[PDB]
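S.K.: Listed in order, the protein sequences are those of chains A and B. Counting in the entry's author numbering, the first sequence runs from 36 upward without gaps. Take the second sequence: its letters are residues 12 to 91, 97 to 470, 589 to 881, numbered as in the entry's author numbering. The structure follows.
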Amino acid sequence: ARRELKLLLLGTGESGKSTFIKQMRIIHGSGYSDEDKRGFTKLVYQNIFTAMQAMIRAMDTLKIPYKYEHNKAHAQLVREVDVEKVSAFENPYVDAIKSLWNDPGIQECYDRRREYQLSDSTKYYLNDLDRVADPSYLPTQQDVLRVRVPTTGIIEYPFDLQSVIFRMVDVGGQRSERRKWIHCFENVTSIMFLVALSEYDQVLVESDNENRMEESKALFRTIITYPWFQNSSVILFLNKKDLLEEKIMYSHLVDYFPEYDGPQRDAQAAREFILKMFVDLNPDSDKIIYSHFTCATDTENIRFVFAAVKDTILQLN
Amino acid sequence: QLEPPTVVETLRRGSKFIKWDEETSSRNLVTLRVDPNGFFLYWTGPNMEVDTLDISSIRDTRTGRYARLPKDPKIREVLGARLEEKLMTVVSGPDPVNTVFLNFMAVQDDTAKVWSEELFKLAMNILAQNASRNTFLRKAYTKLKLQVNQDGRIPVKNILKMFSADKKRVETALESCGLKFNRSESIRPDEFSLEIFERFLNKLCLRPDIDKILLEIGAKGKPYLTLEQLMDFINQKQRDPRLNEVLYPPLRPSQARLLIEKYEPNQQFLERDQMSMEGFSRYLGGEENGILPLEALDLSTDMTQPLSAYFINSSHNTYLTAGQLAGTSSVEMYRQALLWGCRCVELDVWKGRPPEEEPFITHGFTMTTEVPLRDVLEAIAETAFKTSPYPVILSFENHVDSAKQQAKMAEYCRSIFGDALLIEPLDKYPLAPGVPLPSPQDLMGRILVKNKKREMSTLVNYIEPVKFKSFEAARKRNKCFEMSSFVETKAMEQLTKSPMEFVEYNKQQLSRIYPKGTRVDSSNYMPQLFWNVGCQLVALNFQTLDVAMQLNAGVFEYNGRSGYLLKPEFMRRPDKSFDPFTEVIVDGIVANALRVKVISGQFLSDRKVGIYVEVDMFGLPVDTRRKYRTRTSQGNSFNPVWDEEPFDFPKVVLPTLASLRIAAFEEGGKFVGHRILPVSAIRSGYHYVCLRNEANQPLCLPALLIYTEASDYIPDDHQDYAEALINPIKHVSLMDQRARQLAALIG
Ligand SMILES: Nc1nc2c(ncn2[C@@H]2O[C@H](COP(=O)(O)OP(=O)(O)O)[C@@H](O)[C@H]2O)c(=O)[nH]1
Ligand SMILES: O=P(O)(O)O[C@@H]1[C@H](O)[C@H](O)[C@@H](OP(=O)(O)O)[C@H](OP(=O)(O)O)[C@H]1O
Ligand code: ALF
Ligand SMILES: [Ca+2]
Ligand SMILES: [Mg+2]
């Protein structure tokens, strides 16, 4: 008598599913030895190179000059890198990226990251280059939590908690990827939808005109009304709340969702408006929904938030 | 990093070489050369006659000891440790059995080693064997310009010989380019331009099928295809719809330009960002527009999983050359097997004789020949890791019973193979229960012996035979190093009885399989049967290239011909488990659907005849269909265009296991060429499929145009739901319009 419950992680692109699966791996699963950490040192380097290439291209598109001219050269050096071929991280590329990150010109471009595509945790790495550039850098566990690796396929992870075994199914959150989702819609005990609170002022990678949060919203509203989940529980993680905390100061919610008329520059007011868009006034779903504000990079926040959700699920079984 | 094929200066500069013959005992001081592209080796010998060798036919290059010596005294005098250190030998042919040897003496010192080492590199190069359709046309061109008469010119009888599929229609093609069309004449390399070889091919072989594809894209104004039309075609038809837009992003506009700059005959379109029909026709046979990605052909499988998780390329009675009861036993096969990416070869060892005391390999005292062990062990030590740095499993069927001959056998192994021979277990992997079988990575360049254990038993460790009782008993003892060999019909009995117990066995232990004894002409069973249940060492007869063996060496090409393909996810995971006869799709396993419409073919035969094409699928029983066919075409083998309905493969259960087999056949049943495409990696869209011979070498001229649609499965009933997930914003917006309209009516 060892029960096995199947949990799906769903969500739009880059909402934080695979970041959650790592937290599950740290809390309950096997965790990261030094040999496991080392596996990502490559991936950290590739993220920095991908970051600055995408920022350089923006400088052209958005037509922003490089304050200092000697950084025009540096930009050319890096832009010609093949990022898939990155294994080490040495000069002149180190100082190239530093000298750039210091450039008042390209710092203007970072502030306008909203208009183009620049993955989150870009600033986490570039502010900490010297630690990463070092000739003996072992990645820290947060470095492994920040790392961005686009996910494709349908990867089932098992987890041995005391009472039960969870089989947590990770998936891709791009538009193409949802045509695969039907091949994990059997015997589902619960869904765990991830919405990225930061993406109210952002457009999708796969569609340039459409707003990420209109997608994440509509996707959730549709999916909970599907016949497969007629007897499945729906946990809604609103992730990336720390990013909101920073962004809501400058990017005003009223400008992208006109229904909002709570105060400006308020983190709390903004997040609780969103919550209502997802759950409230849905005629096709009258099941209860269990929300949760989260920060998948923040480990303590996840141990608390999930060691609750464990109960909520088992309790219904 | 997969480099493209690059000829070093020396090999175009040339080098002086003396061609010599074992049989008729001949000699010409010739200067060897390779063309810059690296298609052909060619030399000018018998009274100025240029003779060529197709490098894609080359099977091995040997120098020094391994370069065969001229055992005749008269030849040995004419030529002369130093003398053999400049001997070269080029082995080639269309399969392992029917090889051809060519010998050379380098006049200047140590250039033979430079030459041998570089011809091997060019021959094996993967980019070359999967070159673009357009490059394979440059091959045919480069042939004509090489093969010349004594006074340099290009004979016109060649140009008619090459495309001898409508000789009176060839005549008229040439005249229109301003070239010679009469059989008795020749053409100056001065004025046989590639530009002009291209224009010739256009007038000769007209493309109604491509005219179809342009208006079918959409261009009432037939002269021009604009930048976006191209980009939309490339993204919305040539792109594989099962791929992520972040990992494999779509073609940008600035990127789409570069393909116009690249493939353009007409500058009127180039300057104004358009494209001609012959620029579009150039793209279709282009380097970008291939059927498979290099990713697929590359060596980029995960090579750190345990040995029990990989399909291993395996030979049965390697020594045999055709028949099982009567015929040769060859040392040549052990090279031609291991050179072909095989990783398991069988050595049947029998006790020596009183006068001498050397063991010999042969077939169960029937009426076949013998060969000395000593040489076979050194044939294997030469070729073991010449085409793959991953381990070899020597399958000793030992019948030698004498501790004198048994100890030499263990000494021969330890001396010949040397440190490559895995003599004792590693640090990480002790021989105890619960320990997983070491990964291929962890055994790079090692010789694993498979013999019965309790001197030869000293060498045995991770591959040890045991008399199979049941899967229950094999799970009871639980040891990965123990493994079992199953005769065809014995493995077949397990398949219908306990196929699920089998996949579980193979998740930990190795299981070899070989053909039954009734197949005395060395006939091959279908290896997919046992691959389906995770069997690794599925052994086959390499002397026979029937539909089974054509498949084997076809699928094993992938992962850089290392001879190791990784079993699927669910056939490797212990926590997971499924049934190989599932007539319905599996949860956790994203199924696929497939469409295969055959459009046309180019330069398929050397004569007028009808042709037909077979499209078959090889995987799990339910995946497998193999009876689709075209109707034998009108009756001309230049540019036949089939007008047929797409062959449907709507429900592919496990798509990583499925392999498609496109194969062309002449009216009557003769083989033209085939190709093995893996269903998981194939692309969608209009694509050429450059054909191959039975031993999987690239035939140059013949090729097929086929339209593929490789999409994910959606049960018909659940289609509505699927489409709302892909684009929900449109789905919800539509419902909002309805609620919006009925707002006023309710109150
Ligand atoms: N600051 C912050 N970053 C996050 C949070 N959750 C995810 N990220 C980052 O955003 C990226 C998306 O993570 P991932 O799990 O791959 O999203 P998925 O594609 O939906 O699986 C990762 O690089 C994370 O570092 C969060 O709560 N706070
Ligand atoms: O090669 P042939 O002529 O078909 O001979 C058989 C075949 O080689 C088997 O694989 C072999 O077992 P191993 O090769 O695994 O030793 C078996 O002998 P055995 O089962 O008595 O050893 C022979 O019956
Ligand atoms: F949407 Al993902 F990795 F799950 F980019
Ligand atoms: Ca045998
Ligand atoms: Mg992910």
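We put the beta carbon where it would ideally sit given N, CA and C, even for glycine.
Just curious, the beta strand (DSSP E) that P836 of chain B is in, first and last residue?
M.R.: Taking the second sequence and counting its residues from 1, the one referred to as residue 836 of chain B is at position 702. Here the beta strand (DSSP E) through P836 of chain B covers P832 to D846.
S.K.: Compute the distance between the beta-carbons of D225 of chain B and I733 of chain B, then report whether it is under 8 Å.
M.R.: For the purposes of this step, residue 225 of chain B is taken as residue 209 along the second sequence, with counting starting at 1. For the purposes of this step, residue 733 of chain B is taken as residue 599 along the second sequence, with counting starting at 1. For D225 of chain B and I733 of chain B, yes; Cβs fall inside 8 Å.
S.K.: Run through chain B and tell me which residues come within less than 8 Å of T257 of chain A, C-beta to C-beta.
M.R.: Position 222 of the first sequence holds residue 257 of chain A. Under the 8 Å cutoff, chain B gives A858, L859, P862, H865 and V866.
S.K.: Would you list the residues whose beta-carbon is nearer than 6 Å to any heavy atom of ligand 4, in the order they occur in the chain?
M.R.: B:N333, B:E362, B:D364 and B:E413
S.K.: Is the region 270-287 of chain A in contact with the region 226-237 of chain A, if contact means three or more CB pairs nearer than 8 Å?
M.R.: yes
S.K.: Start and end of the beta strand (DSSP E) containing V61 of chain B?
M.R.: Translated into positions along the second sequence, residue 61 of chain B becomes position 50. Taken as a continuous stretch (DSSP letters only), the beta strand (DSSP E) holding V61 of chain B covers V61 to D65.
S.K.: Can you grab the Cα-Cα spacing for the pair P755 of chain B / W665 of chain B, in whole Å?
M.R.: Working through the second sequence from its first residue, we reach residue 755 of chain B at position 621. Working through the second sequence from its first residue, we reach residue 665 of chain B at position 531. When rounded, the distance between both Cα atoms is 11 Å.
S.K.: Any idea what DSSP makes of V129 of chain A, helix, strand or coil?
M.R.: Position 94 of the first sequence, counting from 1, holds the residue named residue 129 of chain A. Three-state DSSP puts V129 of chain A in a helix.
S.K.: With 9 Å as the limit, tell me which residues of the region 195-218 of chain A have their beta carbon closer than that to any beta carbon of chain B; keep them in chain order.
M.R.: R202, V204, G207, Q209, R210, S211, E212, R213, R214, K215, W216, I217 and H218
S.K.: Please state if the CB of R763 of chain B and the CB of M751 of chain B are separated by a distance shorter than 8 Å.
M.R.: As a first step, residue 751 of chain B must be located in the second sequence, where it is residue number 617. As a first step, residue 763 of chain B must be located in the second sequence, where it is residue number 629. No. Outside cutoff.
S.K.: Cβ of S619 of chain B versus every heavy atom of ligand 2: is any distance shorter than 7 Å?
M.R.: Within the second sequence, the letter at position 485 stands for residue 619 of chain B. Within the cutoff, so yes.
S.K.: How is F412 of chain B classed by DSSP in three states: helix, strand or coil?
M.R.: Against the second sequence, residue 412 of chain B aligns to sequence position 396. In this structure, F412 of chain B counts as strand in the three-state DSSP scheme.
S.K.: Is the Cβ of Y855 of chain B closer than 8 Å to any Cβ of chain A?
M.R.: Position 721 of the second sequence, counted from the first residue, corresponds to residue 855 of chain B. Yes, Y855 of chain B counts as interfacial toward chain A.
S.K.: Taking the C-alpha atoms as reference points, what is the distance between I323 of chain A and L246 of chain B?
M.R.: Locating residue 323 of chain A in the first sequence gives position 288, counting from the first residue. Locating residue 246 of chain B in the second sequence gives position 230, counting from the first residue. When rounded, the distance between both Cα atoms is 50 Å.
S.K.: Taking any Cβ of chain A, which residues in the region 245-270 of chain B have a Cβ under 8 Å from it, in chain order?
M.R.: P257, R258, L259, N260, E261, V262 and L263
S.K.: Just how far apart, CA to CA, sit residue 96 of chain B and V465 of chain B?
M.R.: Chain B lacks coordinates between 91 and 97, the interval that contains residue 96 of chain B.
S.K.: How far does the beta strand (DSSP E) with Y160 of chain A in it extend, from its first residue to its last?
M.R.: Taking the first sequence and counting its residues from 1, the one referred to as residue 160 of chain A is at position 125. Looking at the DSSP string, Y160 of chain A is not in any beta strand (DSSP E); the run it does join, the alpha helix (DSSP H), is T157 to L161.
S.K.: Closer than 8 Å, CB to CB, is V787 of chain B near chain A or not?
M.R.: If you number the second sequence from 1, residue 787 of chain B lands on position 653. It does not: the Cβ of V787 of chain B has no partner Cβ on chain A nearer than 8 Å.
S.K.: Between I61 of chain A and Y67 of chain A, what straight-line distance do the alpha-carbon atoms span, to the nearest angstrom?
M.R.: Indexing the first sequence from 1 puts residue 61 of chain A at position 26. Indexing the first sequence from 1 puts residue 67 of chain A at position 32. For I61 of chain A and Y67 of chain A, the distance between alpha carbons rounds to 7 Å.
S.K.: Tell me the rounded alpha-carbon separation between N137 of chain A and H865 of chain B.
M.R.: Within the first sequence, the letter at position 102 stands for residue 137 of chain A. Within the second sequence, the letter at position 731 stands for residue 865 of chain B. Straight-line Cα distance between these residues: approximately 46 Å.
S.K.: Three-state secondary structure (DSSP) at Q152 of chain A?
M.R.: Stepping through the first sequence from its first residue, residue 152 of chain A is reached at position 117. It is coil, neither helix nor strand.
S.K.: Nearer than 7 Å: is that true of the beta carbon of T186 of chain A relative to any heavy atom of ligand 5?
M.R.: Translated into positions along the first sequence, residue 186 of chain A becomes position 151. Yes; taking the cut-off as 7 Å, the Cβ of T186 of chain A has a heavy atom of ligand 5 nearer than that.
S.K.: Does the CB of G25 of chain B have a neighbour CB from chain A at under 8 Å?
M.R.: Here residue 25 of chain B refers to the residue found at position 14 of the second sequence. Not an interface residue.
S.K.: At a Cβ threshold of 8 Å, is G109 of chain B touching chain A?
M.R.: Within the second sequence, numbered from 1, the residue matching residue 109 of chain B stands at position 93. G109 of chain B does not count as touching chain A.
S.K.: Going straight from the alpha carbon of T54 of chain A to that of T332 of chain A, what length do you get?
M.R.: For the purposes of this step, residue 54 of chain A is identified with residue 19 of the first sequence, where counting begins at 1. For the purposes of this step, residue 332 of chain A is identified with residue 297 of the first sequence, where counting begins at 1. Distance between the alpha carbons of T54 of chain A and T332 of chain A: 7 Å.
S.K.: Does the distance from the CB of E187 of chain B to the CB of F197 of chain B come in under 8 Å?
M.R.: In the second sequence, residue 187 of chain B corresponds to position 171, counting from 1. In the second sequence, residue 197 of chain B corresponds to position 181, counting from 1. For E187 of chain B and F197 of chain B, yes; Cβs fall inside 8 Å.
S.K.: Against residue 4 of chain B, what residues of chain A qualify as contacts under a CB-to-CB distance less than 7 Å, listed in chain order?
M.R.: It is not possible to answer for residue 4 of chain B, since the shown part of chain B is limited to 12 through 881.
S.K.: Between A86 of chain A and chain B, is the shortest Cβ-Cβ distance under 8 Å, so that the two count as touching?
M.R.: Here residue 86 of chain A refers to the residue found at position 51 of the first sequence. Closer than 8 Å: no.
S.K.: Please state if the CB of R741 of chain B and the CB of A181 of chain B are separated by a distance shorter than 8 Å.
M.R.: Start at 1 with the first residue of the second sequence, and residue 181 of chain B comes out as number 165. Start at 1 with the first residue of the second sequence, and residue 741 of chain B comes out as number 607. For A181 of chain B and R741 of chain B, yes; Cβs fall inside 8 Å.
S.K.: Just to confirm the assignment, what range does the beta strand (DSSP E) spanning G295 of chain B have?
M.R.: What you label residue 295 of chain B is simply residue 279 of the second sequence in a count that begins at 1. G295 of chain B -> not in any beta strand (DSSP E); alpha helix (DSSP H) instead, spanning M293 to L300.
S.K.: Do we get a CB-CB distance below 8 Å when we pair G722 of chain B with the residues of chain A?
M.R.: The sequence position of residue 722 of chain B within the second sequence is 588, counting from 1. For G722 of chain B, the answer is yes, since a Cβ of chain A falls inside 8 Å of its Cβ.
S.K.: If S818 of chain B and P257 of chain B are in contact, beta carbons under 8 Å, what's the gap, nearest whole angstrom?
M.R.: Along the second sequence, read from residue 1 onward, the residue named residue 818 of chain B stands at position 684. Along the second sequence, read from residue 1 onward, the residue named residue 257 of chain B stands at position 241. About 6 Å separates the two Cβ atoms, so the contact holds.
S.K.: Listing by chain order, which chain A residues have their CB less than 7 Å from the CB of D846 of chain B?
M.R.: Taking the first residue of the second sequence as position 1, residue 846 of chain B is located at position 712. What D846 of chain B touches in chain A: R214 and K215.
S.K.: Is it buried or exposed for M383 of chain B, if we count other Cβ within 10 angstroms and need 16 for buried?
M.R.: Here residue 383 of chain B is taken as the residue at index 367 of the second sequence, counted from 1. Exposed, because fewer than 16 other Cβ atoms sit within 10 Å of the Cβ of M383 of chain B.
S.K.: Whole-angstrom Cβ separation of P112 of chain B and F676 of chain B, contact assumed at under 8 Å?
M.R.: As a position in the second sequence, residue 112 of chain B is number 96, starting the count at 1. As a position in the second sequence, residue 676 of chain B is number 542, starting the count at 1. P112 of chain B to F676 of chain B, Cβ: 6 Å. Contact.
S.K.: Name the DSSP beta bridge partners of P193 of chain A, please?
M.R.: The residue labelled residue 193 of chain A in the question sits at position 158 within the first sequence. Note: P193 of chain A sits in a beta bridge opposite A:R202.
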